[PDB]
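Okay, protein_6.cif is below, mmCIF, N, CA, C and O atoms and all ligand atoms; chains and numbers go by the auth columns:
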data_run
loop_
_atom_site.group_PDB
_atom_site.id
_atom_site.type_symbol
_atom_site.label_atom_id
_atom_site.label_comp_id
_atom_site.label_asym_id
_atom_site.label_seq_id
_atom_site.Cartn_x
_atom_site.Cartn_y
_atom_site.Cartn_z
_atom_site.B_iso_or_equiv
_atom_site.auth_seq_id
_atom_site.auth_asym_id
ATOM 1 N N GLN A 1 58.581 79.678 18.761 0.00 1 A
ATOM 2 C CA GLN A 1 58.537 78.388 18.015 0.00 1 A
ATOM 3 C C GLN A 1 57.394 77.515 18.539 0.00 1 A
ATOM 4 O O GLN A 1 56.699 76.864 17.785 0.00 1 A
ATOM 5 N N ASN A 2 57.198 77.495 19.829 0.00 2 A
ATOM 6 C CA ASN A 2 56.102 76.663 20.404 0.00 2 A
ATOM 7 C C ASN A 2 54.942 77.554 20.858 0.00 2 A
ATOM 8 O O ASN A 2 54.136 77.167 21.681 0.00 2 A
ATOM 9 N N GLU A 3 54.851 78.743 20.328 0.00 3 A
ATOM 10 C CA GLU A 3 53.741 79.654 20.731 0.00 3 A
ATOM 11 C C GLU A 3 53.312 80.524 19.547 0.00 3 A
ATOM 12 O O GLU A 3 54.121 80.941 18.742 0.00 3 A
ATOM 13 N N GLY A 4 52.042 80.805 19.437 0.00 4 A
ATOM 14 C CA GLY A 4 51.558 81.651 18.308 0.00 4 A
ATOM 15 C C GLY A 4 50.499 82.622 18.824 0.00 4 A
ATOM 16 O O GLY A 4 50.654 83.225 19.867 0.00 4 A
ATOM 17 N N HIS A 5 49.420 82.781 18.108 0.00 5 A
ATOM 18 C CA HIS A 5 48.356 83.716 18.574 0.00 5 A
ATOM 19 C C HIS A 5 47.036 83.368 17.898 0.00 5 A
ATOM 20 O O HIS A 5 46.235 82.619 18.419 0.00 5 A
ATOM 21 N N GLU A 6 46.809 83.905 16.737 0.00 6 A
ATOM 22 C CA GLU A 6 45.542 83.607 16.016 0.00 6 A
ATOM 23 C C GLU A 6 45.696 83.930 14.532 0.00 6 A
ATOM 24 O O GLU A 6 45.570 85.066 14.120 0.00 6 A
ATOM 25 N N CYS A 7 45.965 82.945 13.719 0.00 7 A
ATOM 26 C CA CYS A 7 46.117 83.202 12.287 0.00 7 A
ATOM 27 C C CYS A 7 44.756 83.204 11.621 0.00 7 A
ATOM 28 O O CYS A 7 44.332 82.241 11.014 0.00 7 A
ATOM 29 N N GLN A 8 44.099 84.317 11.659 0.00 8 A
ATOM 30 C CA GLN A 8 42.823 84.414 10.937 0.00 8 A
ATOM 31 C C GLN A 8 43.207 84.750 9.497 0.00 8 A
ATOM 32 O O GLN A 8 42.403 85.195 8.702 0.00 8 A
ATOM 33 N N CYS A 9 44.474 84.548 9.176 0.00 9 A
ATOM 34 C CA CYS A 9 44.981 84.853 7.832 0.00 9 A
ATOM 35 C C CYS A 9 44.139 84.223 6.739 0.00 9 A
ATOM 36 O O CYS A 9 43.832 83.047 6.745 0.00 9 A
ATOM 37 N N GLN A 10 43.816 85.019 5.775 0.00 10 A
ATOM 38 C CA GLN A 10 43.043 84.539 4.607 0.00 10 A
ATOM 39 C C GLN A 10 43.951 84.668 3.391 0.00 10 A
ATOM 40 O O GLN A 10 43.513 84.639 2.258 0.00 10 A
ATOM 41 N N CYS A 11 45.229 84.825 3.639 0.00 11 A
ATOM 42 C CA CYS A 11 46.206 84.970 2.545 0.00 11 A
ATOM 43 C C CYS A 11 46.094 83.801 1.563 0.00 11 A
ATOM 44 O O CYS A 11 45.085 83.127 1.488 0.00 11 A
ATOM 45 N N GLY A 12 47.132 83.549 0.818 0.00 12 A
ATOM 46 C CA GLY A 12 47.103 82.420 -0.152 0.00 12 A
ATOM 47 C C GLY A 12 47.800 81.218 0.477 0.00 12 A
ATOM 48 O O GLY A 12 47.541 80.082 0.133 0.00 12 A
ATOM 49 N N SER A 13 48.681 81.463 1.410 0.00 13 A
ATOM 50 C CA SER A 13 49.391 80.338 2.076 0.00 13 A
ATOM 51 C C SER A 13 48.794 80.091 3.459 0.00 13 A
ATOM 52 O O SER A 13 49.207 79.206 4.181 0.00 13 A
ATOM 53 N N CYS A 14 47.816 80.865 3.826 0.00 14 A
ATOM 54 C CA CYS A 14 47.171 80.694 5.139 0.00 14 A
ATOM 55 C C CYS A 14 45.830 80.019 4.952 0.00 14 A
ATOM 56 O O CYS A 14 45.378 79.225 5.753 0.00 14 A
ATOM 57 N N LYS A 15 45.211 80.346 3.877 0.00 15 A
ATOM 58 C CA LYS A 15 43.883 79.758 3.545 0.00 15 A
ATOM 59 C C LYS A 15 44.057 78.307 3.091 0.00 15 A
ATOM 60 O O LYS A 15 43.147 77.507 3.167 0.00 15 A
ATOM 61 N N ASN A 16 45.225 77.965 2.619 0.00 16 A
ATOM 62 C CA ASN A 16 45.466 76.567 2.161 0.00 16 A
ATOM 63 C C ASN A 16 46.097 75.748 3.290 0.00 16 A
ATOM 64 O O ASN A 16 45.601 74.702 3.664 0.00 16 A
ATOM 65 N N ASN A 17 47.185 76.215 3.837 0.00 17 A
ATOM 66 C CA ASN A 17 47.845 75.467 4.944 0.00 17 A
ATOM 67 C C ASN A 17 47.283 75.919 6.293 0.00 17 A
ATOM 68 O O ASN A 17 47.766 76.860 6.893 0.00 17 A
ATOM 69 N N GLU A 18 46.270 75.257 6.776 0.00 18 A
ATOM 70 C CA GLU A 18 45.680 75.650 8.086 0.00 18 A
ATOM 71 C C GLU A 18 46.441 74.968 9.223 0.00 18 A
ATOM 72 O O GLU A 18 46.045 75.024 10.371 0.00 18 A
ATOM 73 N N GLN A 19 47.537 74.333 8.913 0.00 19 A
ATOM 74 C CA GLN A 19 48.329 73.657 9.979 0.00 19 A
ATOM 75 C C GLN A 19 49.079 74.698 10.805 0.00 19 A
ATOM 76 O O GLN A 19 49.755 74.383 11.765 0.00 19 A
ATOM 77 N N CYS A 20 48.954 75.936 10.438 0.00 20 A
ATOM 78 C CA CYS A 20 49.639 77.018 11.184 0.00 20 A
ATOM 79 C C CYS A 20 48.606 78.006 11.727 0.00 20 A
ATOM 80 O O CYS A 20 48.931 79.114 12.105 0.00 20 A
ATOM 81 N N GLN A 21 47.360 77.614 11.764 0.00 21 A
ATOM 82 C CA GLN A 21 46.307 78.536 12.277 0.00 21 A
ATOM 83 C C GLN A 21 46.372 78.626 13.802 0.00 21 A
ATOM 84 O O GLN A 21 45.591 79.311 14.431 0.00 21 A
ATOM 85 N N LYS A 22 47.305 77.944 14.396 0.00 22 A
ATOM 86 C CA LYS A 22 47.443 77.988 15.878 0.00 22 A
ATOM 87 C C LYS A 22 48.885 78.328 16.254 0.00 22 A
ATOM 88 O O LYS A 22 49.260 78.312 17.410 0.00 22 A
ATOM 89 N N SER A 23 49.694 78.635 15.281 0.00 23 A
ATOM 90 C CA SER A 23 51.115 78.978 15.568 0.00 23 A
ATOM 91 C C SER A 23 51.720 79.753 14.394 0.00 23 A
ATOM 92 O O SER A 23 52.848 79.526 14.007 0.00 23 A
ATOM 93 N N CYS A 24 50.977 80.658 13.811 0.00 24 A
ATOM 94 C CA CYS A 24 51.509 81.420 12.662 0.00 24 A
ATOM 95 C C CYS A 24 52.419 82.523 13.212 0.00 24 A
ATOM 96 O O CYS A 24 52.040 83.256 14.097 0.00 24 A
ATOM 97 N N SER A 25 53.621 82.616 12.733 0.00 25 A
ATOM 98 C CA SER A 25 54.561 83.644 13.275 0.00 25 A
ATOM 99 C C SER A 25 54.373 85.004 12.598 0.00 25 A
ATOM 100 O O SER A 25 55.291 85.545 12.013 0.00 25 A
ATOM 101 N N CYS A 26 53.201 85.567 12.678 0.00 26 A
ATOM 102 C CA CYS A 26 52.972 86.892 12.046 0.00 26 A
ATOM 103 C C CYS A 26 52.524 87.915 13.093 0.00 26 A
ATOM 104 O O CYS A 26 51.893 87.569 14.073 0.00 26 A
ATOM 105 N N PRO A 27 52.865 89.150 12.842 0.00 27 A
ATOM 106 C CA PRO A 27 52.494 90.248 13.760 0.00 27 A
ATOM 107 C C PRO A 27 51.060 90.698 13.475 0.00 27 A
ATOM 108 O O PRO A 27 50.348 90.075 12.713 0.00 27 A
ATOM 109 N N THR A 28 50.629 91.776 14.070 0.00 28 A
ATOM 110 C CA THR A 28 49.239 92.249 13.809 0.00 28 A
ATOM 111 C C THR A 28 49.228 93.207 12.627 0.00 28 A
ATOM 112 O O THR A 28 48.576 94.232 12.632 0.00 28 A
ATOM 113 N N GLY A 29 49.933 92.846 11.604 0.00 29 A
ATOM 114 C CA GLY A 29 49.980 93.673 10.375 0.00 29 A
ATOM 115 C C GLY A 29 49.916 92.721 9.185 0.00 29 A
ATOM 116 O O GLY A 29 50.252 93.070 8.070 0.00 29 A
ATOM 117 N N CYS A 30 49.492 91.508 9.429 0.00 30 A
ATOM 118 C CA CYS A 30 49.411 90.504 8.329 0.00 30 A
ATOM 119 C C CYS A 30 48.069 90.605 7.609 0.00 30 A
ATOM 120 O O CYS A 30 47.327 89.647 7.511 0.00 30 A
ATOM 121 N N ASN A 31 47.759 91.758 7.103 0.00 31 A
ATOM 122 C CA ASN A 31 46.467 91.937 6.380 0.00 31 A
ATOM 123 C C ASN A 31 46.694 91.870 4.866 0.00 31 A
ATOM 124 O O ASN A 31 45.760 91.876 4.088 0.00 31 A
ATOM 125 N N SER A 32 47.927 91.805 4.444 0.00 32 A
ATOM 126 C CA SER A 32 48.215 91.736 2.981 0.00 32 A
ATOM 127 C C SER A 32 48.599 90.308 2.586 0.00 32 A
ATOM 128 O O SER A 32 48.998 89.512 3.413 0.00 32 A
ATOM 129 N N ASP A 33 48.481 89.976 1.329 0.00 33 A
ATOM 130 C CA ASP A 33 48.839 88.597 0.886 0.00 33 A
ATOM 131 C C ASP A 33 50.289 88.556 0.401 0.00 33 A
ATOM 132 O O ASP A 33 50.758 87.554 -0.101 0.00 33 A
ATOM 133 N N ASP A 34 51.004 89.632 0.561 0.00 34 A
ATOM 134 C CA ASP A 34 52.430 89.650 0.124 0.00 34 A
ATOM 135 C C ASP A 34 53.290 90.271 1.214 0.00 34 A
ATOM 136 O O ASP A 34 54.224 91.007 0.964 0.00 34 A
ATOM 137 N N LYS A 35 52.976 89.938 2.420 0.00 35 A
ATOM 138 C CA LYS A 35 53.743 90.442 3.587 0.00 35 A
ATOM 139 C C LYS A 35 53.453 89.516 4.751 0.00 35 A
ATOM 140 O O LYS A 35 53.343 89.914 5.893 0.00 35 A
ATOM 141 N N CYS A 36 53.300 88.273 4.428 0.00 36 A
ATOM 142 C CA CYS A 36 52.975 87.248 5.454 0.00 36 A
ATOM 143 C C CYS A 36 54.174 86.331 5.722 0.00 36 A
ATOM 144 O O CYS A 36 54.404 85.386 4.996 0.00 36 A
ATOM 145 N N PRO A 37 54.889 86.640 6.773 0.00 37 A
ATOM 146 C CA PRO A 37 56.062 85.827 7.165 0.00 37 A
ATOM 147 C C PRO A 37 55.601 84.620 7.990 0.00 37 A
ATOM 148 O O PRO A 37 56.104 84.358 9.065 0.00 37 A
ATOM 149 N N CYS A 38 54.633 83.896 7.498 0.00 38 A
ATOM 150 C CA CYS A 38 54.111 82.719 8.242 0.00 38 A
ATOM 151 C C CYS A 38 55.011 81.505 8.029 0.00 38 A
ATOM 152 O O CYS A 38 56.142 81.617 7.600 0.00 38 A
ATOM 153 N N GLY A 39 54.505 80.346 8.325 0.00 39 A
ATOM 154 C CA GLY A 39 55.310 79.107 8.145 0.00 39 A
ATOM 155 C C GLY A 39 55.663 78.940 6.666 0.00 39 A
ATOM 156 O O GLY A 39 56.648 78.320 6.318 0.00 39 A
ATOM 157 N N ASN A 40 54.865 79.490 5.791 0.00 40 A
ATOM 158 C CA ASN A 40 55.156 79.364 4.333 0.00 40 A
ATOM 159 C C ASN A 40 54.579 80.561 3.573 0.00 40 A
ATOM 160 O O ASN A 40 55.352 81.269 2.948 0.00 40 A
HETATM 161 CU CU CU B . 48.272 83.523 10.554 0.00 1 B
HETATM 162 CU CU CU B . 49.064 84.668 5.913 0.00 2 B
HETATM 163 CU CU CU B . 48.735 80.425 9.509 0.00 3 B
HETATM 164 CU CU CU B . 51.096 83.509 10.314 0.00 4 B
HETATM 165 CU CU CU B . 48.429 87.025 6.739 0.00 5 B
HETATM 166 CU CU CU B . 51.245 85.919 8.054 0.00 6 B
HETATM 167 CU CU CU B . 49.562 82.699 8.519 0.00 7 B
#
Give the structure from the file, written as structure tokens.
Ligand SMILES: [Cu+]
Ligand SMILES: [Cu+]
Ligand SMILES: [Cu+]
Ligand SMILES: [Cu+]
Ligand SMILES: [Cu+]
Ligand SMILES: [Cu+]
Ligand SMILES: [Cu+]
Amino acid sequence: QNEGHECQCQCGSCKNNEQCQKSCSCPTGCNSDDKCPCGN
């Protein structure tokens, strides 16, 4: 909850909401735009 990694996500909810680019809860398999369990 208070730790993340690096959301270089270019998804549709990552490219718009950059408020999670420092705490996105996704594994190293978030390369698709329909498998992103991020903040949104
Ligand atoms: Cu991310
Ligand atoms: Cu994403
Ligand atoms: Cu993110
Ligand atoms: Cu994420
Ligand atoms: Cu992603
Ligand atoms: Cu994600
Ligand atoms: Cu993300």
Quiz prompt | Residues matched by the PyMOL selection byres (((chain A and resi 2) around 7) and not hetatm) as a list in words | solution = residues 1, 3, 4, 22 and 23 of chain A
Written file, previous selection with N, CA, C and O atoms, as a PDB file, in the coordinates of the input:
ATOM      1  N   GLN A   1      58.581  79.678  18.761  1.00  0.00           N
ATOM      2  CA  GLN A   1      58.537  78.388  18.015  1.00  0.00           C
ATOM      3  C   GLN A   1      57.394  77.515  18.539  1.00  0.00           C
ATOM      4  O   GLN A   1      56.699  76.864  17.785  1.00  0.00           O
ATOM      5  N   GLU A   3      54.851  78.743  20.328  1.00  0.00           N
ATOM      6  CA  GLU A   3      53.741  79.654  20.731  1.00  0.00           C
ATOM      7  C   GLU A   3      53.312  80.524  19.547  1.00  0.00           C
ATOM      8  O   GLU A   3      54.121  80.941  18.742  1.00  0.00           O
ATOM      9  N   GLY A   4      52.042  80.805  19.437  1.00  0.00           N
ATOM     10  CA  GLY A   4      51.558  81.651  18.308  1.00  0.00           C
ATOM     11  C   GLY A   4      50.499  82.622  18.824  1.00  0.00           C
ATOM     12  O   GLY A   4      50.654  83.225  19.867  1.00  0.00           O
ATOM     13  N   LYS A  22      47.305  77.944  14.396  1.00  0.00           N
ATOM     14  CA  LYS A  22      47.443  77.988  15.878  1.00  0.00           C
ATOM     15  C   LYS A  22      48.885  78.328  16.254  1.00  0.00           C
ATOM     16  O   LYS A  22      49.260  78.312  17.410  1.00  0.00           O
ATOM     17  N   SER A  23      49.694  78.635  15.281  1.00  0.00           N
ATOM     18  CA  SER A  23      51.115  78.978  15.568  1.00  0.00           C
ATOM     19  C   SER A  23      51.720  79.753  14.394  1.00  0.00           C
ATOM     20  O   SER A  23      52.848  79.526  14.007  1.00  0.00           O
TER      21      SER A  23
END
Report the closest atom pair, with its distance in Å rounded to one decimal, for each residue of chain A that has an atom no farther than 10 Å from ligand CU 5 (chain B); count only C-alpha atoms and all ligand atoms, sort by chain and then rising residue number, and write it as CSV.
residue,atom,partner,partner_atom,distance
A:7,CA,B:CU5,CU,7.1
A:8,CA,B:CU5,CU,7.5
A:9,CA,B:CU5,CU,4.2
A:10,CA,B:CU5,CU,6.3
A:11,CA,B:CU5,CU,5.2
A:12,CA,B:CU5,CU,8.4
A:13,CA,B:CU5,CU,8.2
A:14,CA,B:CU5,CU,6.7
A:15,CA,B:CU5,CU,9.1
A:24,CA,B:CU5,CU,8.7
A:25,CA,B:CU5,CU,9.6
A:26,CA,B:CU5,CU,7.0
A:27,CA,B:CU5,CU,8.7
A:28,CA,B:CU5,CU,8.8
A:29,CA,B:CU5,CU,7.7
A:30,CA,B:CU5,CU,3.9
A:31,CA,B:CU5,CU,5.3
A:32,CA,B:CU5,CU,6.0
A:33,CA,B:CU5,CU,6.1
A:34,CA,B:CU5,CU,8.2
A:35,CA,B:CU5,CU,7.1
A:36,CA,B:CU5,CU,4.7
A:37,CA,B:CU5,CU,7.7
A:38,CA,B:CU5,CU,7.3
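Of note, atom C of residue A:40 and atom O of residue A:16 are spaced 10.7 Å apart.
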Self-check item: Atomic distance atom CU of ligand CU 4 (chain B) - atom O of residue A:6, expressed in Å with one decimal
Solution: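 Atom O of residue A:6 lies at a distance of 6.9 Å from atom CU of ligand CU 4 (chain B).
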Report, as AutoDock Vina command-line options, the axis-aligned box around all atoms of stretch 13-32 of chain A present in the file, extended by 3 Å on each side; give centre and edge lengths in Å to one decimal place.
--center_x 49.2 --center_y 83.9 --center_z 9.4 --size_x 18.1 --size_y 26.6 --size_z 22.0
Quiz item: Can you tell me how far atom N of residue A:19 sits from atom CU of ligand CU 3 (chain B), in Å to one decimal?
Solution: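 Atom N of residue A:19 sits 6.2 Å away from atom CU of ligand CU 3 (chain B).
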